[PDB]
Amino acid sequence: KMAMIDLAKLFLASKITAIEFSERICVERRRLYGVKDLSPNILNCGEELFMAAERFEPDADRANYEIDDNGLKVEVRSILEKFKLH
């Protein structure tokens, strides 16, 4: 379904935090994993959201490739736009 996309939208609307999004996105991804008859565009968008969240690290000592709250927000928006799932 659009569960992962909606979660992304909830996060962009700041209804849920970066930490909340990074955790729930894992729950949702697992739920849709393997689920037949899934739109490639939707599946791939979810996967990129999943990887974007994997790069999120709230700590100030995060790695050079990791991102903070802002940044996760920009990448998530960029990802939804890439797949045209605003």
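Numbering starts at 1 and follows the sequence shown.
The mean Cα B-factor in the deposited entry runs higher for 28-36 than for the other of 57-65 and 28-36. Comparing the C-alpha B-factors of 78, 70, 22, 14 in the entry, the top value falls on 70. Sort the chain's modelled residues by C-alpha temperature factor and residue 85 lands in the highest third, per the entry. Residue 8: CA B factor in the lowest third of modelled residues in this chain (values from the PDB entry).
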